[PDB]
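S.K.: Please find one structure pasted underneath; my questions will follow.
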Amino acid sequence: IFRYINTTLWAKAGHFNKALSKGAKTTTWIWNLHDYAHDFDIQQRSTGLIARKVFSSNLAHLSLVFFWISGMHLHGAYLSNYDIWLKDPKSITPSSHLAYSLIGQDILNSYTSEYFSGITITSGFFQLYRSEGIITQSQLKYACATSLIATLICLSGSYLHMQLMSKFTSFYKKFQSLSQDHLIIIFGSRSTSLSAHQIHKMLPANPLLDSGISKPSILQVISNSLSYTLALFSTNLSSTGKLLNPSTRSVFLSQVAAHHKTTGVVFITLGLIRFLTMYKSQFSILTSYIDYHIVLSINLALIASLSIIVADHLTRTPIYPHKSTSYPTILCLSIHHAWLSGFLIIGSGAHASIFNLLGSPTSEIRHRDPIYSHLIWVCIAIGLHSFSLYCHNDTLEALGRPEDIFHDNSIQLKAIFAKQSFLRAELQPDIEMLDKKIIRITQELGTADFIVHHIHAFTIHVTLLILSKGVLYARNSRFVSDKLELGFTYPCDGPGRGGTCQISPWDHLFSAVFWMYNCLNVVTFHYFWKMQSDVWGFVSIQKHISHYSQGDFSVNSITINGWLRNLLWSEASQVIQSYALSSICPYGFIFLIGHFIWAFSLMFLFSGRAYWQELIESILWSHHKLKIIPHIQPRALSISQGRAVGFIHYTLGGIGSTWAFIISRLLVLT
Amino acid sequence: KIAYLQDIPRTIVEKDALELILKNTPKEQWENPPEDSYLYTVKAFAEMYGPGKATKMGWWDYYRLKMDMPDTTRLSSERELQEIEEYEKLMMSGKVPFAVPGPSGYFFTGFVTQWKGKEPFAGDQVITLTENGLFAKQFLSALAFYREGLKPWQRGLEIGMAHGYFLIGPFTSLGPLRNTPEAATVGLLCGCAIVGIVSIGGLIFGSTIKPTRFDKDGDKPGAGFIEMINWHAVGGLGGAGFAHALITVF
Amino acid sequence: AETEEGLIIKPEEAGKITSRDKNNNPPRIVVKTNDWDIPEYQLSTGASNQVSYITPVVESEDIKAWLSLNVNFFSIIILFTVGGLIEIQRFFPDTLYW
Amino acid sequence: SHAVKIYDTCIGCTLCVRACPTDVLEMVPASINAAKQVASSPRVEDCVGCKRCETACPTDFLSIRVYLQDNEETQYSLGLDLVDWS
Amino acid sequence: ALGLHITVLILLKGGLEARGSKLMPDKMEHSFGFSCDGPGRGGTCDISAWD
Amino acid sequence: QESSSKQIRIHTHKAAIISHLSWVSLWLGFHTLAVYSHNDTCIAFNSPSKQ
Amino acid sequence: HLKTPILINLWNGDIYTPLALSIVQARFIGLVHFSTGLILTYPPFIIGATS
Amino acid sequence: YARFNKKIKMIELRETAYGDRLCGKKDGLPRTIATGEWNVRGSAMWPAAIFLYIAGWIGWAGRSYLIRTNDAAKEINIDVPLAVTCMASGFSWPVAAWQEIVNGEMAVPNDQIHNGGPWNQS
Ligand code: CLA
Ligand code: CLA
Ligand SMILES: CC1=C(/C=C/C(C)=C/C=C/C(C)=C/C=C/C=C(C)/C=C/C=C(C)/C=C/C2=C(C)CCCC2(C)C)C(C)(C)CCC1
Ligand code: SF4
């Protein structure tokens with residue numbers, strides 16, 4: 001069985017694809033080898049190998065994630081100031097990340113504690129550890145050990161399943177079994193397990209810390225043995241979320257444990273219900289969507305939506321102790337999950353297109369013109385409406401006519417449904433604050449919030465237009481009637497019919513990545529400006545609030561010039577003036593590098609490969625002149641690869657620019 | 001009958017599960033199951049293990065076999081197979097089980113709207129409720145542009161009255177002089193200007209495209225359309241003036 | 001090679017061959033699958049203490065061949081070059097000698 | 001309409017004919033190659049211009065050359081579907 | 001100097017290969033500006049001298 | 001082959017022209033961007049005197 | 001447009017058929033936009049900085 | 001605190017080491033001499049010589065390997081013994097390269113390599 005696991009193919013690069021068997025005649029062979037590496041569908045051998053590869057690769061990636069978790073745990077146990085952060089979280093910035101004293105890189109470590117200098121981490125791992133009752137270094141040691149053991153176990157399982165599974169293997173196709181066991185045993189039987197963990201280790205510990213005994217009598221009290229504290233020790237009646245814990249500025253962990261217990265019960269009951277529930281309508285979906293790419297797209301869309309829900313729920317539904325006051329942590333936790341939501345949504349669209357090209361589509365593709373046409377009209381309507389309210393405000397403010405602009409002190413567009421959406425939270429008529437820092441105050445939504453929400457809707461709709469147009473017009477179109485034979489990813493069909501560049505679903509993803517990036521850059525900026533202007537900030541003992549941006553949002557965000565001046569210029573002073581400043585030197589440098597990479601992408605985005613091919617031939621003349629012949633013949637990047645490289649550099653550079661801009665400012669202000 | 005489907009031990013697969021497999025699998029595939037089909041594994045094992053053959057297996061081999069066979073719940077029942085065999089029949093017959101999009105999904109309305117039009121290969125004749133229903137057809141036919149028995153000037157007058165009456169509002173309110181004591185004569189002038197501009201555009205259209213669907217027999221081509229556009233301008237003036245009169249008086 | 005004594009038999013004689021082995025393991029059915037990674041899947045006829053290694057089959061020659069691949073060669077050389085630059089910077093910082 | 005020209009270097013592959021999506025090309029008998037056949041383009045009025053024929057041609061430089069003429073486009077050379085020019 | 005060199009490089013390459021390059025050895029039969037030479041032969045976006 | 005016109009003589013060795021123009025462009029870009037990056041990095045690291 | 005009630009009975013698109021810009025036209029229009037933006041963004045900066 | 005003491009010592013050593021280096025009368029930042037002086041602090045002649053030697057070494061090793069492996073299979077699966085042999089042999093590049101230049105073994109006549117695209121025929 002395992003005697004066929006041989007290294008003889010390690011030296012034979014490109015073995016998996018039969019199109020690469022001719023050998024590396026040109027440099028295009030290298031890029032094709034890298035491109036087809038994970039494309040198990042088109043690789044050689046039967047369908048059973050596809051299942052084995054998919055499952056074992058999933059296990060290998062799971063081992064990789066476990067290794068990353070183990071690295072974070074070891075950094076927290078042996079390369080961090082988590083001790084002093086535990087003792088005083090409101091005066092110590094989290095830091096489990098040092099820099100070596102080479103090339104003066106010592107300037108990157110900054111004062112986080114009197115005994116520690118390092119890079120302020122914004123992953124929120126310290127708050128997670130405190131919410132996980134991790135106090136001693138031994139606990140982090142054993143967490144790291146368990147994560148390393150999990151890495152080894154998952155790696156070994158990925159190794160084994162390449163030969164345990166065979167041609168007869170069918171457990172992956174049993175979707176009823178997968179859904180039932182997943183749902184019940186994981187969402188139900190593991191949620192209650194975490195509820196048990198919290199009830200037996202957090203409530204014995206986190207109340208002890210909040211009770212002021214950071215000593216906890218060392219292990220005499222902290223090491224469990226506290227069955228005289230009661231599970232609902234400090235619920236204080238009320239409703240979950242209406243009253244926060246005054247000490248840690250978060251929801252009481254007893255309520256979180258009850259939530260996990262009840263959610264596990266609900267999931268178990270739903271698994272029991274699924275024995276007899278509503279069906280026979282999603283049944284066409286049931287039979288037509290049993291394929292790798294469709295389920296991958298469905299899961300990607302679902303996980304991305306969950307990621308955006310997490311992004312919006314991690315900030316002003318504070319669960320973690322001492323996390324609402326840690327403003328850089330809140331900002332990072334929102335924005336990182338926002339970006340992941342966008343990226344995984346785009347991936348869902350791509351794999352929907354791939355499923356359409358490999359499998360057979362459904363009924364909705366036959367009236368695709370009305371669908372992707374009313375989508376076009378709605379995109380045009382909300383683009384010519386949302387953005388232009390900004391253009392109108394801008395023009396009339398430049399003209400000196402502020403009474404004719406869309407503002408609160410002018411023609412005002414009230415957010416009617418949001419203002420009547422006091423259902424969410426429904427907190428008492430005041431704010432909450434822990435230590436000179438605002439925990440959460442209700443965002444008073446006005447005209448600017450209305451306009452920016454419509455901008456969000458417009459960008460979302462345009463990205464969805466690109467994605468659905470790629471998906472629905474994958475097999476064929478009025479433009480080209482045999483797009484199915486062209487495959488999933490192709491540069492074009494030729495300069496004929498006026499020009500057929502970028503008709504493939506791959507190119508539709510290529511444009512959709514740009515539009516998703518543009519969509520949630522505005523989301524990032526809206527969050528980053530709104531929180532600073534209207535939520536975060538200092539306090540005055542006379543109940544007066546001094547925010548970080550001093551309420552710039554409601555008065556400046558009504559015009560594009562307001563965004564340019566009060567957000568991208570005034571709030572970029574921290575990152576731009578960050579040279580020789582200990583903590584924020586890398587952020588200024590990375591700001592510069594992000595600008596460089598973003599501009600560098602434009603060389604690939606704007607140019608075609610024929611010019612570069614001719615230039616490469618001109619250079620190859622000089623190489624052949626001096627008897628330097630590369631027998632792997634130099635070829636310029638393929639059209640699809642040029643577009644991919646351009647998109648990757650564009651998004652990476654822009655994301656790095658925002659990343660530095662937000663993080664350096666929040667680190668300086670805090 | 002087929003050789004390997006007879007006297008198959010229950011331990012390899014149960015009787016009801018095997019019958020469910022045979023029902024789900026198309027009849028032509030029983031003799032030689034394809035590959036990666038539960039019936040293929042049933043054939044590849046029932047021809048090795050049985051009464052006259054190897055009657056025992058290693059525990060791990062039997063464990064792997066039990067995870068290659070269906071678990072009696074992942075197979076469509078008779079009613080589900082009927083659902084598919086009839087849904088596909090509807091779809092191929094040119095009829096669509098009517099569904100309406102909802103919150104990321106669609107509700108089936110339990111209606112069979114015949115989908116392909118009179119010209120089945122025509123893309124714009126696929127009949128929908130909003131364009132080919134009785135109400136939609138009679139509403140479109142009764143519009144001023146389509147109403148039977150209307151002289152071209154009557155269509156123009158009606159359309160112009162509608163446009164002129166409506167166009168006053170966006171200017172007299174939220175306009176540059178929305179707060180001035182008059183604030184409505186400005187809106188009247190702007191609405192009349194919009195009516196005149198669109199009437200000029202219609203005249204351009206009638207002198208360039210020259211639609212001939214309103215011309216009476218033996219007339220200068222496009223004369224009906226030009227008359228309709230001129231009377232739309234007149235009706236726009238009238239409707240704008242009437243809206244302004246109502247605003248000022250009331 | 002690794003099955004020098006297995007009494008390996010074909011599907012056609014699943015219940016015909018009974019001569020067990022040099023051990024007492026019953027004969028094993030060999031199924032010729034078409035997968036290149038699993039060309040032959042062997043099925044048992046009963047309880048057996050068969051030695052089936054889970055370790056892979058690697059050798060020094062093709063491991064060296066893999067390390068002779070241009071990626072590994074040009075990654076080892078560039079890694080050593082970068083490490084040498086870093087070590088030189090640690091040992092002679094700020095290029096004071098210049 | 002474009003201009004699709006066939007040159008003497010043709011070796012009677014028939015690949016250009018098979019790759020054409022609008023039946024512009026055809027095989028005619030000839031005596032200038034071992035295949036005794038060369039391509040021809042009798043119906044370039046239906047040539048959309050996809051240049052698949054050029055992709056399929058294996059001669060050193062294409063024996064079939066498609067010259068794009070954008071100020072010449074007809075309804076057939078544009079692949080018009082929603083609109084008729086006749 | 002870098003900017004001037006690269007601008008002259010692009011312009012001079014376009015001028016010298018306007019009548020034919022190794023990739024498209026018939027470029028003087030076509031217009032000064034034309035779309036491309038098709039996705040085949042490796043892909044030929046931005047191949048004209050106008051490009 | 002008649003190397004009489006000036007454009008002819010330029011076209012005979014056009015590959016040499018373009019290759020050397022590419023070389024000088026690459027040199028200028030590499031050694032300007034790299035020195036600018038050195039200065040940026042060493043001045044971000046509180047060392048103006050290491051430029 | 002060919003599906004909207006009133007438009008279809010006045011304009012079938014056979015006269016001035018709407019088509020996407022050709023490849024060379026697209027490149028030129030993008031170049032014009034890029035050049036206009038890059039050039040005309042500077043004089044406001046010059047006037048704001050010097051005056 | 002100890003690491004900052006080490007950093008302070010490094011800074012003071014940098015101050016005393018750059019004392020002989022020339023800096024402008026208005027910036028204070030030491031300058032690099034690119035006049036070919038060969039005998040001043042911060043001169044660019046020594047780094048230029050070192051880099052040119054090692055860069056010619058790299059190029060010569062690569063060219064030697066390409067000449068001795070006239071195959072595409074040897075470029076993806078590097079013949080490591082031959083590769084390191086050429087890498088070690090590249091030290092004598094300033095002499096071997098010139099001896100090949102003058103003896104007609106480096107360059108190739110233009111009539112043996114593809115000149116470029118045709119510019120005429122008719
Ligand atoms: C669970 C997630 C998941 C999974 C399993 C897959 C799986 C697959 N995808 Mg896919 N995809 C995903 C998410 C996922 N994708 C997302 C989120 C997107 C949106 C961006 C896409 C977009 C996408 C496209 C457009 C295509 C695929 C394709 C494929 C298939 C082959 C992939 C391959 O060989 O690439 C090999 C792997 C690589 C080339 C990785 C290279 C690294 C990337 C490109 C750059 C990342 C830069 C990095 C983040 C930053 C560097 C740090 C910097 C500081 C240096 C395979 C079925 C291809 C296909 O043909 O499908 C059949 C294809 O054309 N996917
Ligand atoms: C054997 C390696 C080798 C050699 C001897 C040369 C030699 C030359 N190249 Mg060159 N080149 C190479 C590899 C090599 N190249 C590679 C891999 C690339 C792809 C990035 C290029 C890209 C390139 C361009 C774009 C240009 C040249 C140019 C030139 C000429 C001027 C010198 C120059 O610009 O150098 C500078 C060289 C570079 C910037 C490329 C990077 C150098 C690579 C990384 C070295 C690789 C060596 C290899 C790994 C050795 C392995 C040995 C081992 C297997 C034993 C000169 C004839 C120029 C020219 O034609 O002007 C006359 C020019 O414009 N080259
Ligand atoms: C919102 C709504 C809707 C819609 C509605 C509409 C669309 C309305 C319209 C309305 C309109 C749009 C109206 C109009 C009216 C008009 C009028 C009523 C006019 C009148 C006029 C006149 C009366 C004039 C006269 C004259 C002339 C003719 C000329 C001379 C002068 C004079 C003045 C005499 C719907 C259903 C969808 C749904 C929900 C609700
Ligand atoms: S593909 Fe080219 S060589 Fe072959 S028959 Fe057609 S024109 Fe001739």
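By convention here, the chains of the structure tokens are called A, B, ... in the order presented, each chain's residues are numbered starting at 1, and ligands are numbered starting at 1 in the order presented.
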So which residues are near ligand 4, meaning at most 12 Å away with only C-alpha atoms and all ligand atoms counted, given back as an MDAnalysis selection string?
M.R.: chainID D and resid 4:20 24:30 32:41 51:66
S.K.: I want to know what sits within 6 Å of stretch 36-50 of chain F, based on only C-alpha atoms, with residues of the same chain fewer than 4 positions away left out; could you give that as a compact mmCIF listing (two decimals) with N, CA and C atoms, in the first residue's frame?
M.R.:
# COMPACT_ATOMS: atom_id res chain seq x y z
N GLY A 104 20.63 48.12 13.29
CA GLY A 104 19.90 49.15 14.05
C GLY A 104 18.42 48.82 14.19
N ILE A 107 15.77 49.72 16.83
CA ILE A 107 14.90 50.92 16.96
C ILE A 107 13.45 50.49 16.83
N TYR A 579 9.65 58.38 11.36
CA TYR A 579 11.05 57.99 11.27
C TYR A 579 11.77 58.33 12.57
N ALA A 580 12.63 57.41 13.00
CA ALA A 580 13.40 57.44 14.24
C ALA A 580 12.54 57.33 15.49
N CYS A 585 8.68 53.15 13.45
CA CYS A 585 9.57 53.17 12.28
C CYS A 585 9.16 52.16 11.22
N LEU H 29 26.51 65.18 7.36
CA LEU H 29 26.42 63.79 6.94
C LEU H 29 27.64 63.43 6.11
S.K.: Got a sec: who's within 9 Å of stretch 23-30 of chain E, counting only C-alpha atoms, leaving out chain neighbours fewer than 5 positions off, as number ranges by chain?
M.R.: A: 610, 613-614, 617; D: 61, 67-68; E: 17-18, 37, 41, 44, 47-49; H: 116-120
S.K.: Give as a VMD selection string the residues surrounding ligand 2 up to a distance of 8 Å, considering only C-alpha atoms and all ligand atoms.
M.R.: (chain A and resid 616 618 to 623 625 to 626 628) or (chain C and resid 74) or (chain F and resid 16 18 to 27) or (chain H and resid 58 to 66 75 78 80 82 to 87)
S.K.: Please, which residues have at least one atom within 7 Å of an atom of ligand 1, using only C-alpha atoms and all ligand atoms, listed as JSON, numbers by chain?
M.R.: {"A": [34, 35, 36, 37, 38, 39, 40, 296, 300, 343, 344, 345, 346, 347, 348, 350, 351, 354, 488, 489, 506, 509, 513, 648, 652]}
S.K.: Using backbone DSSP assignments, extract all helix (DSSP H, G or I) residues from chain D; output them as an MDAnalysis selection string.
M.R.: chainID D and resid 15:19 44:46 52:56 70:72 75:78
S.K.: Show which residues sit within 8 Å of stretch 6-23 of chain G, as a ChimeraX atom specification. Count only C-alpha atoms, and ignore same-chain residues fewer than 5 positions away.
M.R.: /A:495,498-499 /B:145,209,211 /D:82-85 /E:35 /G:1
S.K.: Give the residue list for ligand 3 at 12 Å, counting only C-alpha atoms and all ligand atoms, as a PyMOL selection string, sorted by chain and then by residue number.
M.R.: chain B and resi 153-169+230-246
S.K.: Could you list the residues in chain F lying within 8 Å of chain H, using only C-alpha atoms, and format the result as a PDB file with N, CA, C and O atoms, in the first residue's frame?
M.R.:
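Result saved to result_12.pdb:
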ATOM      1  N   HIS F  11      19.105  49.539 -38.179  1.00  0.00           N
ATOM      2  CA  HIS F  11      18.311  48.319 -38.077  1.00  0.00           C
ATOM      3  C   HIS F  11      19.160  47.055 -38.090  1.00  0.00           C
ATOM      4  O   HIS F  11      18.713  46.020 -37.585  1.00  0.00           O
ATOM      5  N   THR F  12      20.364  47.105 -38.666  1.00  0.00           N
ATOM      6  CA  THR F  12      21.211  45.915 -38.702  1.00  0.00           C
ATOM      7  C   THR F  12      21.593  45.467 -37.298  1.00  0.00           C
ATOM      8  O   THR F  12      21.642  44.264 -37.015  1.00  0.00           O
ATOM      9  N   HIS F  13      21.868  46.416 -36.408  1.00  0.00           N
ATOM     10  CA  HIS F  13      22.289  46.130 -35.041  1.00  0.00           C
ATOM     11  C   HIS F  13      21.303  46.688 -34.022  1.00  0.00           C
ATOM     12  O   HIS F  13      21.698  47.080 -32.922  1.00  0.00           O
ATOM     13  N   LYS F  14      20.017  46.746 -34.381  1.00  0.00           N
ATOM     14  CA  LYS F  14      19.016  47.307 -33.477  1.00  0.00           C
ATOM     15  C   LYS F  14      18.958  46.544 -32.161  1.00  0.00           C
ATOM     16  O   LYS F  14      18.688  47.136 -31.106  1.00  0.00           O
ATOM     17  N   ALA F  15      19.210  45.236 -32.203  1.00  0.00           N
ATOM     18  CA  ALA F  15      19.206  44.439 -30.984  1.00  0.00           C
ATOM     19  C   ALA F  15      20.292  44.904 -30.027  1.00  0.00           C
ATOM     20  O   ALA F  15      20.076  44.952 -28.812  1.00  0.00           O
ATOM     21  N   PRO F  48      21.172  59.011  10.634  1.00  0.00           N
ATOM     22  CA  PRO F  48      21.425  59.847   9.452  1.00  0.00           C
ATOM     23  C   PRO F  48      22.848  59.744   8.936  1.00  0.00           C
ATOM     24  O   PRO F  48      23.084  59.979   7.745  1.00  0.00           O
ATOM     25  N   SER F  49      23.804  59.395   9.795  1.00  0.00           N
ATOM     26  CA  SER F  49      25.210  59.340   9.419  1.00  0.00           C
ATOM     27  C   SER F  49      25.600  58.038   8.732  1.00  0.00           C
ATOM     28  O   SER F  49      26.748  57.911   8.298  1.00  0.00           O
ATOM     29  N   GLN F  51      24.100  57.001   5.962  1.00  0.00           N
ATOM     30  CA  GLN F  51      23.656  57.099   4.581  1.00  0.00           C
ATOM     31  C   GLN F  51      24.832  57.015   3.615  1.00  0.00           C
ATOM     32  O   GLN F  51      25.974  57.335   3.956  1.00  0.00           O
TER      33      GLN F  51
END
S.K.: What gap, in Å, lies between atom CA of residue A:525 and atom CA of residue A:461?
M.R.: 18.6 Å
S.K.: Can you work out which residues from chain D touch chain A at a cut-off of 9 Å (counting only C-alpha atoms) and hand them back as a list in words?
M.R.: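 Interface list for chain D against chain A: residues 21, 47, 48, 49, 50, 51, 52, 68, 70, 73, 76, 77, 78, 79, 80, 81 and 82 of chain D.
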S.K.: Write out, as an mmCIF file, in the first residue's frame, the residues just selected, with N, CA, C and O atoms.
M.R.:
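Result file result-v7.cif:
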data_model
loop_
_atom_site.group_PDB
_atom_site.id
_atom_site.type_symbol
_atom_site.label_atom_id
_atom_site.label_comp_id
_atom_site.auth_asym_id
_atom_site.auth_seq_id
_atom_site.Cartn_x
_atom_site.Cartn_y
_atom_site.Cartn_z
ATOM 1 N N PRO D 21 -14.213 29.313 -36.315
ATOM 2 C CA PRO D 21 -15.553 29.177 -35.733
ATOM 3 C C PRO D 21 -16.697 29.637 -36.623
ATOM 4 O O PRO D 21 -17.851 29.546 -36.195
ATOM 5 N N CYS D 47 -15.475 36.272 -41.421
ATOM 6 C CA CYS D 47 -14.330 36.214 -40.518
ATOM 7 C C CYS D 47 -14.530 37.221 -39.394
ATOM 8 O O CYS D 47 -14.434 38.433 -39.610
ATOM 9 N N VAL D 48 -14.808 36.718 -38.190
ATOM 10 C CA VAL D 48 -14.924 37.598 -37.034
ATOM 11 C C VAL D 48 -13.578 38.224 -36.693
ATOM 12 O O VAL D 48 -13.516 39.382 -36.266
ATOM 13 N N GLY D 49 -12.493 37.489 -36.874
ATOM 14 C CA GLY D 49 -11.170 37.952 -36.531
ATOM 15 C C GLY D 49 -10.566 37.328 -35.290
ATOM 16 O O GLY D 49 -9.617 37.900 -34.739
ATOM 17 N N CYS D 50 -11.080 36.185 -34.837
ATOM 18 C CA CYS D 50 -10.607 35.572 -33.603
ATOM 19 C C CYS D 50 -9.154 35.127 -33.688
ATOM 20 O O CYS D 50 -8.522 34.917 -32.647
ATOM 21 N N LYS D 51 -8.619 34.963 -34.897
ATOM 22 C CA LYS D 51 -7.236 34.558 -35.134
ATOM 23 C C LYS D 51 -6.916 33.182 -34.553
ATOM 24 O O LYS D 51 -5.747 32.876 -34.300
ATOM 25 N N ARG D 52 -7.928 32.336 -34.337
ATOM 26 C CA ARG D 52 -7.658 30.956 -33.948
ATOM 27 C C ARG D 52 -6.901 30.218 -35.042
ATOM 28 O O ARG D 52 -6.086 29.332 -34.750
ATOM 29 N N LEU D 68 -6.495 42.696 -39.524
ATOM 30 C CA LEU D 68 -7.653 43.368 -38.952
ATOM 31 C C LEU D 68 -7.889 44.708 -39.640
ATOM 32 O O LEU D 68 -6.949 45.457 -39.918
ATOM 33 N N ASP D 70 -10.484 47.641 -38.801
ATOM 34 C CA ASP D 70 -11.520 48.114 -37.886
ATOM 35 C C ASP D 70 -12.438 49.150 -38.520
ATOM 36 O O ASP D 70 -13.626 49.199 -38.186
ATOM 37 N N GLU D 73 -15.529 47.219 -40.426
ATOM 38 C CA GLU D 73 -16.337 46.197 -39.772
ATOM 39 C C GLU D 73 -17.749 46.136 -40.339
ATOM 40 O O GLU D 73 -18.408 47.164 -40.520
ATOM 41 N N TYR D 76 -21.299 40.899 -39.700
ATOM 42 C CA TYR D 76 -20.754 39.557 -39.540
ATOM 43 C C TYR D 76 -19.368 39.588 -38.908
ATOM 44 O O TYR D 76 -19.046 38.739 -38.069
ATOM 45 N N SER D 77 -18.538 40.562 -39.286
ATOM 46 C CA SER D 77 -17.207 40.680 -38.706
ATOM 47 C C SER D 77 -17.233 41.176 -37.267
ATOM 48 O O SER D 77 -16.213 41.075 -36.578
ATOM 49 N N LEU D 78 -18.364 41.705 -36.803
ATOM 50 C CA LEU D 78 -18.509 42.148 -35.424
ATOM 51 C C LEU D 78 -19.255 41.149 -34.550
ATOM 52 O O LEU D 78 -19.258 41.307 -33.326
ATOM 53 N N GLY D 79 -19.878 40.135 -35.142
ATOM 54 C CA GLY D 79 -20.656 39.183 -34.376
ATOM 55 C C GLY D 79 -21.845 39.823 -33.690
ATOM 56 O O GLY D 79 -22.113 39.550 -32.516
ATOM 57 N N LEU D 80 -22.561 40.684 -34.408
ATOM 58 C CA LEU D 80 -23.724 41.346 -33.836
ATOM 59 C C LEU D 80 -24.857 40.346 -33.644
ATOM 60 O O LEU D 80 -25.193 39.586 -34.556
ATOM 61 N N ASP D 81 -25.443 40.348 -32.448
ATOM 62 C CA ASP D 81 -26.546 39.461 -32.106
ATOM 63 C C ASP D 81 -27.829 40.220 -31.809
ATOM 64 O O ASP D 81 -28.887 39.887 -32.350
ATOM 65 N N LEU D 82 -27.759 41.245 -30.958
ATOM 66 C CA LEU D 82 -28.951 42.003 -30.601
ATOM 67 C C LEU D 82 -29.445 42.878 -31.742
ATOM 68 O O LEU D 82 -30.596 43.324 -31.710
#
S.K.: Output the contact residues of chain A with respect to chain B at a cut-off of 7 Å, based on only C-alpha atoms, as a list in words.
M.R.: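 Result, ordered by chain then number: residues 168, 169, 170, 171, 174, 175 and 176 of chain A.
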S.K.: What separation in Å, quoted to one decimal, exists between atom CA of residue H:108 and atom CA of residue E:9?
M.R.: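 Answer for the atom CA of residue H:108 to atom CA of residue E:9 separation: 24.7 Å.
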S.K.: Give me the chain B side of the contact with chain C, cut-off 7 Å, one line per residue showing its nearest atom pair and distance in Å at one decimal, counting only C-alpha atoms, sorted by chain and residue number, as a tab-separated table.
M.R.:
residue	atom	partner	partner_atom	distance
B:48	CA	C:14	CA	5.7
B:52	CA	C:15	CA	6.3
B:53	CA	C:15	CA	3.8
B:54	CA	C:15	CA	4.7
B:56	CA	C:46	CA	5.2
B:57	CA	C:46	CA	4.5
B:58	CA	C:46	CA	4.8
B:61	CA	C:43	CA	6.8
S.K.: Write the selection just made, keeping C-alpha atoms, as a PDB file, in the first residue's frame?
M.R.:
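File produced: part_32.pdb:
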ATOM      1  CA  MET B  48     -14.697 -11.660  -4.282  1.00  0.00           C
ATOM      2  CA  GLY B  52     -18.765 -19.823  -2.915  1.00  0.00           C
ATOM      3  CA  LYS B  53     -15.864 -17.402  -2.411  1.00  0.00           C
ATOM      4  CA  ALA B  54     -13.757 -15.876   0.379  1.00  0.00           C
ATOM      5  CA  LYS B  56     -13.891 -13.921   5.731  1.00  0.00           C
ATOM      6  CA  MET B  57     -12.103 -10.578   5.737  1.00  0.00           C
ATOM      7  CA  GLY B  58      -9.561  -8.835   7.890  1.00  0.00           C
ATOM      8  CA  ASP B  61     -10.526  -4.493   5.194  1.00  0.00           C
TER       9      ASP B  61
END
S.K.: What separation in Å, quoted to one decimal, exists between atom CA of residue A:526 and atom CA of residue A:126?
M.R.: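 Rounded to one decimal, the two atoms are 26.9 Å apart.
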S.K.: Write out as an mmCIF file with N, CA and C atoms, in the first residue's frame all residues of chain H that DSSP puts in strand (DSSP E or B) for this structure's backbone.
M.R.:
data_model
loop_
_atom_site.group_PDB
_atom_site.id
_atom_site.type_symbol
_atom_site.label_atom_id
_atom_site.label_comp_id
_atom_site.auth_asym_id
_atom_site.auth_seq_id
_atom_site.Cartn_x
_atom_site.Cartn_y
_atom_site.Cartn_z
ATOM 1 N N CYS H 23 32.455 65.342 5.492
ATOM 2 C CA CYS H 23 31.046 65.703 5.449
ATOM 3 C C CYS H 23 30.893 67.174 5.093
ATOM 4 N N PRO H 30 28.399 62.391 6.481
ATOM 5 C CA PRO H 30 29.631 62.079 5.750
ATOM 6 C C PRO H 30 29.357 61.700 4.302
ATOM 7 N N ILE H 33 33.250 59.313 -1.664
ATOM 8 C CA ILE H 33 34.108 59.891 -2.690
ATOM 9 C C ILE H 33 34.041 59.017 -3.935
ATOM 10 N N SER H 43 35.937 56.211 0.190
ATOM 11 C CA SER H 43 36.094 56.186 -1.257
ATOM 12 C C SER H 43 35.309 55.029 -1.864
ATOM 13 N N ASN H 77 17.278 20.562 -13.592
ATOM 14 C CA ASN H 77 17.921 19.629 -12.674
ATOM 15 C C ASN H 77 19.418 19.930 -12.727
#
